[PDB]
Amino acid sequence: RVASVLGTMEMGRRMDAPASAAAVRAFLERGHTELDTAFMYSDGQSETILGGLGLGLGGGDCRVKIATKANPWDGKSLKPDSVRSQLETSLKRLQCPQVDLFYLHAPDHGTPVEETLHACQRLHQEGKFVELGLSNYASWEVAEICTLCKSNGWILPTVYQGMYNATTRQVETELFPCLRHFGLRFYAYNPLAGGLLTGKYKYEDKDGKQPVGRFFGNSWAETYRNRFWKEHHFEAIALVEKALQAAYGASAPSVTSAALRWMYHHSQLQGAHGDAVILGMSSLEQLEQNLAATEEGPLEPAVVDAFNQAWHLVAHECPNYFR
């Protein structure tokens, strides 16, 4: 019931075009339909790869849904010209006439939001995208946006893509109530905390080993460390690992499995609202493993309580869902 969307951030980075195409195929073979990319992902290479799969995206002949995003970074603003330019470039790369979902990837605090939204309204009138989404906007910024659109008679956003996992729940307090009021569904990213919730790291890895991956050896590693790589977060993971052992003994699932099942079975995400989890991977084996976990059932209550105890351990230092 809670849906799954395929994250394509690693396509064109760790995953070459063949690996990416196998990934999409595995995802589709499980009955899922929706793909998440962005103007910025692997410097345009993610969209380019997806556009070359012969899926016929944006066409009436297409069962696959595609989402992309414009961003304000590196001096591109979210001023009208920049929003148009990014979307049109995305359309060329994806080799499609319109995308199913277009996001504002993160806020442009230098550009009045009414300007940006007027550009989105116009681009929607032109048939460049079907639905509008927001990502990384505060609840109060979402409300302002929705209220402006209603009063101007513009397209409202209908999807919010936000940071959410078993140990990162800031979104629950104010954002989820706001979204319910304005009618936005929620797609969760960082569902394994960039990989921290696989249990494959030790806190001390940051001094010696520094294993190349999401948290080391790239341009966003330090952002990810600051987001999730905290001692209390490792204590939290250990707490959940111990609960899995105690509740299931020899038959215990992986912590990865458990962390994803939390999302689909025990989070505030509701299939009734059209909510979804955006799965991440840097390889096809990781993806296949994750897809298996999505088809697993609920967890023992003690493990759910453990995850809650885990969140309480880190809630004081939760990263902001907004930027």
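Just count from 1 along the sequence shown to find any residue number.
> According to the deposited model, is the average Cα temperature factor higher in 57-65 or in 278-286?
On average, C-alpha B-factors are higher across 57-65.
> On average, which has the higher Cα B-factor in the deposited entry, 166-174 or 206-214?
The recorded data point to 206-214.
> For the listed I155, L134, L184, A188, which has the peak Cα B-factor recorded in the PDB entry?
Checking the PDB record, the top C-alpha B-factor among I155, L134, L184, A188 is at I155.
> Among the modelled residues of this chain, does the Cα B factor of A315 put it in the lowest, middle or highest third?
It falls in the bottom third of the chain.
> Going by the recorded CA B-factors, say which third of the chain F27 sits in, lowest, middle or highest.
Highest third of the chain for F27's C-alpha B-factor.
> Looking at the C-alpha B-factor of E241, is it in the lowest, middle or highest third of its chain?
Its C-alpha B-factor, which the entry lists for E241, ranks in the middle third among residues of this chain.
> Ordered by C-alpha B-factor within the chain, which third holds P80? Give me lowest, middle or highest, please.
For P80, whose C-alpha B-factor we compare with every modelled residue in the chain, the answer is the middle third.
> With respect to C-alpha B-factor, does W220 fall in the lowest, middle or highest third of the chain as deposited?
Ranked within chain, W220 CA B lands in the highest tercile.
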